[PDB]
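Next up: a single chain in structure tokens, the form deposited in one PDB entry.
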């Protein structure tokens, strides 16, 4: 299983937020830690993406763009998996040192989004998503958001995305002789993948609004994140960059 061996091999390890859990919870501290954790994960998402089969085929400018557009969604999906495996969806496992209970979900002012991610977390269990399906679905997520005006080399991207879908087909067919069974599974997985997008959108909107008023609530945005929120996120929010839904 060359393809799956690679996905397993490059899967990022544990990333901590550096949050002070000995301090009473506050909006400013919780968000600063989410921001810092976001940036720490981006470092790994970039290394992960660049090590993915065929990613180098993409034009250099498209590589960066795709990573930045998919950043939020990729983190959402992996976070939901961690919440399921580590705490059976009882809380949201953003990081070992940044676990959200309902109180934190509320204090962060991201309650609706957190609840949707908890539901996603539960879905991993309800649908009995295997670790290999998770890995392949997450890679596919990276190739699920593009600009209307197109990428520099759209054809290369279309080929790569198609190949990742084919790998998902193979993983689904592995140990499934009945085509009907494969079809139902593909339906379930693509429906689950689609559900990630609306969640990332709510987080993008929240993050955008927060940055614009950051100086009013004492929230610290890392240099890199601020740039991406001000340059890339608005393209998504204004409809210039859109997710590719299956349904």
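Positions refer to the first chain, counted from 1.
One more form of this protein exists, namely the form solved in complex with a partner chain; it is left out here, but the text below deals with it.
Asker: In the entry with it bound, does residue 237 have a heavy atom within 4.5 Å of the partner chain?
Answerer: Residue 237: no, not in contact with the partner chain in the entry with it bound.
Asker: Hey, in the entry with it bound, is residue 223 touching the partner chain, heavy atoms inside 4.5 Å?
Answerer: It does: once the partner chain is placed as it appears in the entry with it bound, residue 223 has a heavy atom within 4.5 Å of it.
Asker: Considering non-hydrogen atoms and a 4.5 Å limit, does the partner chain approach residue 67 in the entry with it bound?
Answerer: Flag for residue 67 set to yes.
Asker: With the cut-off set at 4.5 Å between non-hydrogen atoms, does residue 27 touch the partner chain in the entry with it bound?
Answerer: No, no contact at 4.5 Å.
Asker: Pick from 67 to 75, 143 to 151, 159 to 167, 110 to 118: which stretch has a heavy atom within 4.5 Å of the partner chain in the entry with it bound?
Answerer: In short, 67 to 75.
Asker: Pick from 190, 32, 63, 214: which residue has any heavy atom within 4.5 angstroms of the partner chain in the entry with it bound?
Answerer: By the 4.5 Å heavy-atom cutoff, the listed residue in contact is 63.
Asker: At 4.5 angstroms, heavy atoms only, are 43, 50 and 227 all close to the partner chain in the entry with it bound?
Answerer: All of them do, each having a heavy atom within 4.5 Å of the partner.
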